[PDB]
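In: The data below comprise the sequence and an experimental structure of the protein.
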Amino acid sequence: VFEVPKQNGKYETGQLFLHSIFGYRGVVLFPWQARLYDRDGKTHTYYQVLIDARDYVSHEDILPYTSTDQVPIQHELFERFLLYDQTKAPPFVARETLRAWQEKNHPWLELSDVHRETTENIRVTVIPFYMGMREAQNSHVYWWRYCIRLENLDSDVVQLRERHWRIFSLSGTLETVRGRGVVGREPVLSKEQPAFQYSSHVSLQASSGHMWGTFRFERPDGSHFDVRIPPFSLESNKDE
Ligand SMILES: [Pt+2]
Ligand SMILES: [Pt+2]
């Protein structure tokens, strides 16, 4: 049974839902507040989500539904994070392991800002996450994992062909990567399947710096245009 989307209120831990785009069966583990930067101070609520039969989602992407059976798979993770069927709006309540995992994630999610920008009817959404070491062997180097979502609001078909990353670090050294496709594939965005979301890692020295980029898109009429990636930062340990 599909519920209605909440217009003023977060989703309780344990709500079953489908993703607004590429609808997969997921369950929210806990929400976290993020800062939006729509280039086109404002906060926004995102959710840690455990997916099945196939991540961080937004509030507007959650399409909730209720069920009876233990629908979500990955039972080796739900038996550890959640408790069995009970009596509450979400019938899965959170176990103490999920509360400890939430307390462990809360500091690292503070270094995560969501950035958006719409260029020629192409909306890109980038959000970095931190996984690193204060000291890598021989020399201190830590990395990040940035999630990027491409969306085509226009009805015109278009395909991503080239990427043009430009990574600047704290030391003053800046890297520039012009590559073919994204994750070794060139996604197409049309009326059917208009969105594509991926994630990749970026290693860096000095444990600071910002990253901007450019995605090259091609239309069936031969025209190629560059969409901008909103410059997102890569910070560590309580600093903005
Ligand atoms: Pt990572
Ligand atoms: Pt992601």
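Out: Arrived safely. Numbering: from 1, shown residues only. Ligands and ions are numbered 1, 2, ... in the order given.
In: Quote the end-to-end distance of stretch 109-121.
Out: 30 Å (CA to CA, to the nearest Å).
In: chain center to it: distance?
Out: 10 Å (CA atoms, centre = their mean, to the nearest Å).
In: Can you list the buried residues in it?
Out: Using 16 or more other CB atoms under 10 Å as the test for burial, stretch 109-121 gives 109-119. Where you see a C-beta, it was placed from the backbone N, CA and C, and this is true even at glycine.
In: and that stretch, anywhere near ligand 1?
Out: No - Stretch 109-121 stays out of contact with ligand 1 when judged by CB under 5 Å from the ion, the minimum separation being 12.7 Å.
In: Is ligand 2 within reach of that stretch?
Out: No - shown here: stretch 109-121 not in contact with ligand 2 (CB under 5 Å from the ion), separated by at least 10.9 Å.
In: now what about that stretch, what contacts it?
Out: Outside of stretch 109-121, the residues within contact range by CB atoms under 8 Å, 6 or more residues apart in numbering are 32, 34-40, 44, 46, 58, 123-130, 152-154, 156, 217, 225-233, 235-236, 238.
In: try it again with 7 Å
Out: By CB atoms under 7 Å, 6 or more residues apart in numbering, the residues outside stretch 109-121 that reach it are 32, 34-40, 44, 123-130, 152-154, 225, 227-228, 230, 232-233, 235-236.
In: just stretch 195-215 next, same as before
Out: 21-22, 124, 132, 140-151, 160, 163-171, 182-183, 187, 189, 226-229, 231-236.
In: With just CA atoms, put it into CSV.
Out: Provided in CSV are the C-alpha atoms of stretch 195-215 (Å, rounded to 0.1, in the frame of the first residue of the first chain):
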residue,chain,number,x,y,z
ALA,A,195,18.4,10.1,-14.8
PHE,A,196,21.7,8.4,-14.1
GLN,A,197,23.5,8.3,-10.8
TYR,A,198,27.0,7.0,-10.1
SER,A,199,29.8,7.4,-7.6
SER,A,200,33.6,7.4,-7.7
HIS,A,201,36.7,7.9,-5.5
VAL,A,202,39.2,10.8,-5.5
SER,A,203,42.5,10.6,-3.7
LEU,A,204,44.2,13.8,-2.5
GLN,A,205,47.1,15.1,-0.5
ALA,A,206,47.1,17.7,2.3
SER,A,207,43.5,16.5,3.1
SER,A,208,41.9,19.6,1.7
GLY,A,209,40.7,21.2,-1.6
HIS,A,210,37.8,21.7,-3.9
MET,A,211,36.8,19.9,-7.1
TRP,A,212,34.9,21.3,-10.1
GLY,A,213,34.3,19.7,-13.5
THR,A,214,32.6,19.7,-16.9
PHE,A,215,30.5,16.9,-18.6
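In: Just send the buried residues of stretch 109-121 back as a markdown table, with secondary structure too.
Out: A markdown table is the format used below for the buried residues of stretch 109-121 (DSSP: H, G, I helix; E, B strand; the rest coil):
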| residue | secondary structure |
| --- | --- |
| 109 | helix |
| 110 | coil |
| 111 | coil |
| 112 | coil |
| 113 | strand |
| 114 | strand |
| 115 | strand |
| 116 | strand |
| 117 | strand |
| 118 | strand |
| 119 | coil |
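In: right, and the pair among these with maximum separation?
Out: For the buried residues of stretch 109-121, with distances taken as CB to CB, the pair at the greatest spread is 110 and 119 (28.6 Å).
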